[PDB]
Amino acid sequence: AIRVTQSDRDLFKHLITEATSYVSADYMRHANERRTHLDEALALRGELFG
Amino acid sequence: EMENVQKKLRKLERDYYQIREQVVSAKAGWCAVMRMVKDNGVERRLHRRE
Amino acid sequence: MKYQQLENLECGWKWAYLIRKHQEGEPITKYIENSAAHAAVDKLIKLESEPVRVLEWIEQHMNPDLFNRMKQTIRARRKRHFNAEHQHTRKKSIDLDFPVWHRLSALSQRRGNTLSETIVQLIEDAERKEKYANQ
Amino acid sequence: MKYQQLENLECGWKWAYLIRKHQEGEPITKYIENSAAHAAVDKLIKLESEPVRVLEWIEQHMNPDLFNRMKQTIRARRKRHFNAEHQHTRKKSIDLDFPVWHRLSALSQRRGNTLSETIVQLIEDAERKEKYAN
Amino acid sequence: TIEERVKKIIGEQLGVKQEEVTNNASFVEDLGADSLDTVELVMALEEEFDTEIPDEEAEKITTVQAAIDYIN
DNA sequence: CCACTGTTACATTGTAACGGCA
DNA sequence: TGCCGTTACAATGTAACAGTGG
Ligand SMILES: *P(=O)(O)OCC(C)(C)[C@@H](O)C(=O)NCCC(=O)NCCS
């Protein structure tokens, strides 16, 4: 029972931590580049109008 | 002369269109993702501000 | 170096390339003996979930022919994967009839520019006519 | 009907296509149970070198949803096979940067022409402009 | 149609429910769209109908009803 | 020099959508 | 309608050229 429960706990911990690490990194990236692209686009729009 | 200038204007217009479409697509994808993570995995687990 | 090299991605690409080549029937192995080739392929198959060891399997049993094609294919795949992020960096594939393509390629080779550049110049002349018509 | 259909050729095409799809993981057969699907796939595998029986195999075990895709794939294969004989009937494939393609497709949709026709007309106009200047 | 393409754009650019987006639903208070969110909403509205809007006249739009009124 | 990378111009196969025609 | 040609793509693989730095 001890062996099984320890294996289950280790598997859960590793899976959860690695999935969060894999996903949140790219999510934050996409957010940062989205902000940057919006900032870039505003100036072009302003110049274009005049 | 005016036509020559409007050529640069159209170039800038194409650039602005490209940037705007990119930003709009990014925003739409972000909104779709947020609506797909209504399972409550986003509040802190996905949004690791660190 | 313009594109970041990611090891755990390029390794998976390489493994998939090897497996695809094998299942197509080509001799990825450098072994002429059937038994050693089969064993090496089986080990490669076992290496599915361990892309890191795939580089070593390459250095031990990869056919000497395939270095150039390998280094070409993974390079192109990297370029395409990084360009696919944004539309404005993507590429569009189109098909052209032989007479049309012949004329276009002759014109491009005349002007010493790529096909996209020649099309840009052509469409820009047409749009200049349109602009002047509009004013 | 423009291209004559040859059984020993199109049947080999169909066999190769189905084997490729099976190797790719596509469910070739209509049997959800794995045993019947595997048995039918083995029948197909050992069925190589046979048009008159691969056709029957298709009629009997083929997945309903793949009929249209297989039919159009064979259509394209036939057309390409017949067109690849002569240089002038062949087709040249190129890759265009997205902005250039966007503008070209805009023009083509605007004028109702195809990409080939639109580019031909534009090149002819470019030549005409050259002659005008010259 | 335009009067439902507007809802399609607003819902998929702010992520709010189609039921939530009524004619009088204001973006900031009802739909919750803040500064950048409203900027992206107006940009998407511009893209959908391939038109352009003045800065002041665009910023004047702060509701679904106003959005359609300027669009139609 | 040499190797490794980026890019263009193809090929090859597959697919969905139109439109013609029995 | 269902078949049949036809177009416009997408995805991947290669050869060839041009750059870059060790
Ligand atoms: P939100 O509180 O982040 O506000 C965003 C913004 C309204 C300031 C922004 O979208 C914006 O409009 N920036 C440009 C403002 C302007 O009129 N500048 C002149 C042309 S560059």
# chains A, B, ... in the order shown; residues from 1 in each chain; ligands from 1

$ select_by_dssp --residues "chain C" --states "strand (DSSP E or B)" --output "PyMOL selection string"
chain C and resi 29+62+91-97

$ write_last_selection --atoms "C-alpha atoms" --output "short mmCIF file (atom, residue, chain, number, x, y, z; two decimals), in the first residue's frame"
data_model
loop_
_atom_site.label_atom_id
_atom_site.label_comp_id
_atom_site.auth_asym_id
_atom_site.auth_seq_id
_atom_site.Cartn_x
_atom_site.Cartn_y
_atom_site.Cartn_z
CA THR C 29 20.51 1.86 -41.50
CA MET C 62 22.22 6.04 -39.56
CA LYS C 91 4.06 31.04 -47.49
CA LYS C 92 1.27 30.22 -49.94
CA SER C 93 1.57 27.40 -52.46
CA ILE C 94 0.05 27.87 -55.91
CA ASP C 95 0.17 25.90 -59.13
CA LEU C 96 0.89 27.41 -62.55
CA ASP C 97 0.43 26.11 -66.09
#

$ residues_near_ligand --ligand "ligand 1" --cutoff "12 Å" --atoms "only C-alpha atoms (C1' of nucleotides) and all ligand atoms" --output "count of residues only"
32

$ residues_around --residues "residue 7 in chain F" --least-positions-apart "5" --cutoff "12 Å" --atoms "only C-alpha atoms (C1' of nucleotides)" --output "count of residues only"
13

$ select_by_dssp --residues "chain E" --states "helix (DSSP H, G or I)" --output "PyMOL selection string"
chain E and resi 2-14+27-31+35-48+55-59+64-71

$ closest_atom_pairs --of "chain D" --to "chain G" --cutoff "8 Å" --atoms "only C-alpha atoms (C1' of nucleotides)" --output "tab-separated table"
residue	atom	partner	partner_atom	distance
D:1	CA	G:4	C1'	6.4
D:2	CA	G:5	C1'	7.6
D:75	CA	G:4	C1'	7.3
D:79	CA	G:5	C1'	7.8
D:114	CA	G:7	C1'	7.9

$ write_last_selection --atoms "N, CA and C atoms" --output "PDB file, in the first residue's frame"
ATOM      1  N   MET D   1     -16.739  12.508 -69.820  1.00  0.00           N
ATOM      2  CA  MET D   1     -15.561  11.622 -69.607  1.00  0.00           C
ATOM      3  C   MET D   1     -14.448  12.008 -70.570  1.00  0.00           C
ATOM      4  N   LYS D   2     -13.354  12.554 -70.042  1.00  0.00           N
ATOM      5  CA  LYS D   2     -12.245  12.984 -70.883  1.00  0.00           C
ATOM      6  C   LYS D   2     -11.069  12.019 -70.866  1.00  0.00           C
ATOM      7  N   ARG D  75      -9.654  10.739 -58.825  1.00  0.00           N
ATOM      8  CA  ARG D  75      -9.854  11.702 -59.903  1.00  0.00           C
ATOM      9  C   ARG D  75      -8.589  12.516 -60.138  1.00  0.00           C
ATOM     10  N   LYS D  79      -6.108  12.548 -63.471  1.00  0.00           N
ATOM     11  CA  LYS D  79      -5.846  13.752 -64.248  1.00  0.00           C
ATOM     12  C   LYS D  79      -4.352  14.036 -64.300  1.00  0.00           C
ATOM     13  N   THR D 114      -8.767  33.081 -63.153  1.00  0.00           N
ATOM     14  CA  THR D 114      -7.963  32.184 -62.344  1.00  0.00           C
ATOM     15  C   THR D 114      -6.576  32.785 -62.151  1.00  0.00           C
TER      16      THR D 114
END

$ interface_residues --of "chain B" --to "chain A" --cutoff "9 Å" --atoms "only C-alpha atoms" --output "list in words"
residues 9, 12, 13, 15, 16, 19, 20, 22, 23, 26, 27, 30, 45, 46, 47, 48 and 49 of chain B

$ residues_around --residues "range 19-27 of chain E" --least-positions-apart "2" --cutoff "12 Å" --atoms "only C-alpha atoms (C1' of nucleotides)" --output "PDB file with C-alpha atoms, in the first residue's frame"
ATOM      1  CA  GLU E   3     -26.832  43.131 -36.809  1.00  0.00           C
ATOM      2  CA  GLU E   4     -25.679  39.597 -35.934  1.00  0.00           C
ATOM      3  CA  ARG E   5     -22.155  39.872 -37.320  1.00  0.00           C
ATOM      4  CA  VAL E   6     -21.754  42.627 -34.730  1.00  0.00           C
ATOM      5  CA  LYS E   7     -22.732  40.162 -31.995  1.00  0.00           C
ATOM      6  CA  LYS E   8     -20.423  37.512 -33.461  1.00  0.00           C
ATOM      7  CA  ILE E   9     -17.541  39.990 -33.302  1.00  0.00           C
ATOM      8  CA  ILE E  10     -18.348  41.347 -29.856  1.00  0.00           C
ATOM      9  CA  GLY E  11     -18.816  37.940 -28.253  1.00  0.00           C
ATOM     10  CA  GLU E  12     -15.702  36.422 -29.817  1.00  0.00           C
ATOM     11  CA  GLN E  13     -13.550  39.501 -29.082  1.00  0.00           C
ATOM     12  CA  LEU E  14     -14.712  39.913 -25.464  1.00  0.00           C
ATOM     13  CA  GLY E  15     -15.611  36.291 -24.729  1.00  0.00           C
ATOM     14  CA  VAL E  16     -19.002  37.179 -23.283  1.00  0.00           C
ATOM     15  CA  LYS E  17     -22.128  35.142 -23.937  1.00  0.00           C
ATOM     16  CA  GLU E  29     -19.975  47.877 -17.531  1.00  0.00           C
ATOM     17  CA  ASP E  30     -22.048  45.024 -18.991  1.00  0.00           C
ATOM     18  CA  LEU E  31     -19.457  43.168 -21.081  1.00  0.00           C
ATOM     19  CA  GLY E  32     -16.549  44.227 -18.859  1.00  0.00           C
ATOM     20  CA  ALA E  33     -14.267  45.163 -21.754  1.00  0.00           C
ATOM     21  CA  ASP E  34     -11.598  47.572 -20.529  1.00  0.00           C
ATOM     22  CA  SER E  35      -9.370  50.021 -22.418  1.00  0.00           C
ATOM     23  CA  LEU E  36      -7.332  47.538 -24.456  1.00  0.00           C
ATOM     24  CA  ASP E  37     -10.275  45.140 -24.748  1.00  0.00           C
ATOM     25  CA  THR E  38     -12.445  47.886 -26.242  1.00  0.00           C
ATOM     26  CA  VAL E  39      -9.581  48.903 -28.537  1.00  0.00           C
ATOM     27  CA  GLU E  40      -9.360  45.342 -29.841  1.00  0.00           C
ATOM     28  CA  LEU E  41     -13.146  45.179 -30.197  1.00  0.00           C
ATOM     29  CA  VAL E  42     -13.201  48.296 -32.376  1.00  0.00           C
ATOM     30  CA  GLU E  59     -14.146  56.342 -29.150  1.00  0.00           C
ATOM     31  CA  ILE E  61     -18.922  54.256 -29.539  1.00  0.00           C
ATOM     32  CA  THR E  62     -19.348  52.672 -26.102  1.00  0.00           C
ATOM     33  CA  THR E  63     -22.333  50.338 -26.494  1.00  0.00           C
ATOM     34  CA  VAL E  64     -23.749  47.622 -28.731  1.00  0.00           C
ATOM     35  CA  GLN E  65     -26.487  49.968 -29.936  1.00  0.00           C
ATOM     36  CA  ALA E  66     -23.933  52.678 -30.721  1.00  0.00           C
ATOM     37  CA  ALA E  67     -21.695  50.071 -32.352  1.00  0.00           C
ATOM     38  CA  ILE E  68     -24.427  48.985 -34.763  1.00  0.00           C
ATOM     39  CA  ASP E  69     -25.555  52.586 -35.280  1.00  0.00           C
TER      40      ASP E  69
END

$ atom_distance --atom1 "CA of residue 12 in chain C" --atom2 "CA of residue 34 in chain C"
26.0 Å

$ atom_distance --atom1 "CA of residue 52 in chain C" --atom2 "CA of residue 7 in chain C"
7.9 Å

$ interface_residues --of "chain B" --to "chain E" --cutoff "8 Å" --atoms "only C-alpha atoms" --output "ChimeraX atom specification"
/B:20-21,23-24,27-28,31-32,34-35

$ atom_distance --atom1 "CA of residue 117 in chain D" --atom2 "CA of residue 104 in chain C"
12.6 Å

$ interface_residues --of "chain B" --to "chain D" --cutoff "12 Å" --atoms "only C-alpha atoms" --output "count of residues only"
5

$ interface_residues --of "chain F" --to "chain D" --cutoff "12 Å" --atoms "only C-alpha atoms (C1' of nucleotides)" --output "ChimeraX atom specification"
/F:7-17,20-22

$ interface_residues --of "chain D" --to "chain C" --cutoff "10 Å" --atoms "only C-alpha atoms" --output "PyMOL selection string"
chain D and resi 20+23+86-104+107+115-117+119-120+122-123+125-126+129

$ decode --residues "range 38-54 of chain E" --atoms "N, CA, C and O atoms" --output "PDB file, in the first residue's frame"
ATOM      1  N   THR E  38     -11.600  47.103 -25.346  1.00  0.00           N
ATOM      2  CA  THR E  38     -12.445  47.886 -26.242  1.00  0.00           C
ATOM      3  C   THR E  38     -11.686  48.289 -27.499  1.00  0.00           C
ATOM      4  O   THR E  38     -12.260  48.327 -28.595  1.00  0.00           O
ATOM      5  N   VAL E  39     -10.393  48.593 -27.364  1.00  0.00           N
ATOM      6  CA  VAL E  39      -9.581  48.903 -28.537  1.00  0.00           C
ATOM      7  C   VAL E  39      -9.581  47.723 -29.502  1.00  0.00           C
ATOM      8  O   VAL E  39      -9.773  47.883 -30.714  1.00  0.00           O
ATOM      9  N   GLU E  40      -9.368  46.515 -28.977  1.00  0.00           N
ATOM     10  CA  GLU E  40      -9.360  45.342 -29.841  1.00  0.00           C
ATOM     11  C   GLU E  40     -10.741  45.079 -30.426  1.00  0.00           C
ATOM     12  O   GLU E  40     -10.851  44.630 -31.571  1.00  0.00           O
ATOM     13  N   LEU E  41     -11.800  45.362 -29.667  1.00  0.00           N
ATOM     14  CA  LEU E  41     -13.146  45.179 -30.197  1.00  0.00           C
ATOM     15  C   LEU E  41     -13.398  46.101 -31.384  1.00  0.00           C
ATOM     16  O   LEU E  41     -13.942  45.675 -32.408  1.00  0.00           O
ATOM     17  N   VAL E  42     -12.999  47.368 -31.268  1.00  0.00           N
ATOM     18  CA  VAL E  42     -13.201  48.296 -32.376  1.00  0.00           C
ATOM     19  C   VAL E  42     -12.324  47.910 -33.561  1.00  0.00           C
ATOM     20  O   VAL E  42     -12.740  48.023 -34.719  1.00  0.00           O
ATOM     21  N   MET E  43     -11.098  47.449 -33.297  1.00  0.00           N
ATOM     22  CA  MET E  43     -10.243  46.997 -34.391  1.00  0.00           C
ATOM     23  C   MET E  43     -10.877  45.825 -35.134  1.00  0.00           C
ATOM     24  O   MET E  43     -10.871  45.781 -36.371  1.00  0.00           O
ATOM     25  N   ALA E  44     -11.441  44.870 -34.392  1.00  0.00           N
ATOM     26  CA  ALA E  44     -12.096  43.729 -35.022  1.00  0.00           C
ATOM     27  C   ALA E  44     -13.326  44.165 -35.806  1.00  0.00           C
ATOM     28  O   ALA E  44     -13.593  43.642 -36.893  1.00  0.00           O
ATOM     29  N   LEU E  45     -14.098  45.106 -35.261  1.00  0.00           N
ATOM     30  CA  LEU E  45     -15.249  45.621 -35.994  1.00  0.00           C
ATOM     31  C   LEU E  45     -14.810  46.274 -37.297  1.00  0.00           C
ATOM     32  O   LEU E  45     -15.464  46.114 -38.335  1.00  0.00           O
ATOM     33  N   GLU E  46     -13.699  47.010 -37.264  1.00  0.00           N
ATOM     34  CA  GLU E  46     -13.150  47.581 -38.489  1.00  0.00           C
ATOM     35  C   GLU E  46     -12.791  46.481 -39.478  1.00  0.00           C
ATOM     36  O   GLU E  46     -13.113  46.567 -40.668  1.00  0.00           O
ATOM     37  N   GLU E  47     -12.128  45.430 -38.994  1.00  0.00           N
ATOM     38  CA  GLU E  47     -11.662  44.377 -39.892  1.00  0.00           C
ATOM     39  C   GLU E  47     -12.831  43.636 -40.527  1.00  0.00           C
ATOM     40  O   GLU E  47     -12.788  43.301 -41.716  1.00  0.00           O
ATOM     41  N   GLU E  48     -13.883  43.371 -39.750  1.00  0.00           N
ATOM     42  CA  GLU E  48     -14.999  42.573 -40.248  1.00  0.00           C
ATOM     43  C   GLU E  48     -15.611  43.195 -41.497  1.00  0.00           C
ATOM     44  O   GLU E  48     -15.848  42.504 -42.496  1.00  0.00           O
ATOM     45  N   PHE E  49     -15.881  44.497 -41.460  1.00  0.00           N
ATOM     46  CA  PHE E  49     -16.535  45.188 -42.560  1.00  0.00           C
ATOM     47  C   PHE E  49     -15.559  45.955 -43.441  1.00  0.00           C
ATOM     48  O   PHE E  49     -15.995  46.757 -44.274  1.00  0.00           O
ATOM     49  N   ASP E  50     -14.255  45.734 -43.272  1.00  0.00           N
ATOM     50  CA  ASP E  50     -13.225  46.288 -44.153  1.00  0.00           C
ATOM     51  C   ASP E  50     -13.446  47.781 -44.382  1.00  0.00           C
ATOM     52  O   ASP E  50     -13.418  48.280 -45.509  1.00  0.00           O
ATOM     53  N   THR E  51     -13.656  48.501 -43.285  1.00  0.00           N
ATOM     54  CA  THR E  51     -13.829  49.946 -43.303  1.00  0.00           C
ATOM     55  C   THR E  51     -12.896  50.569 -42.274  1.00  0.00           C
ATOM     56  O   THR E  51     -12.144  49.876 -41.582  1.00  0.00           O
ATOM     57  N   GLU E  52     -12.951  51.894 -42.174  1.00  0.00           N
ATOM     58  CA  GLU E  52     -12.145  52.641 -41.224  1.00  0.00           C
ATOM     59  C   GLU E  52     -13.023  53.665 -40.523  1.00  0.00           C
ATOM     60  O   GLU E  52     -14.045  54.102 -41.058  1.00  0.00           O
ATOM     61  N   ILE E  53     -12.611  54.044 -39.319  1.00  0.00           N
ATOM     62  CA  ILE E  53     -13.411  54.931 -38.480  1.00  0.00           C
ATOM     63  C   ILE E  53     -12.507  56.024 -37.924  1.00  0.00           C
ATOM     64  O   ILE E  53     -11.326  55.763 -37.650  1.00  0.00           O
ATOM     65  N   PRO E  54     -12.997  57.247 -37.738  1.00  0.00           N
ATOM     66  CA  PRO E  54     -12.174  58.271 -37.090  1.00  0.00           C
ATOM     67  C   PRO E  54     -11.952  57.950 -35.621  1.00  0.00           C
ATOM     68  O   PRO E  54     -12.727  57.234 -34.983  1.00  0.00           O
TER      69      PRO E  54
END
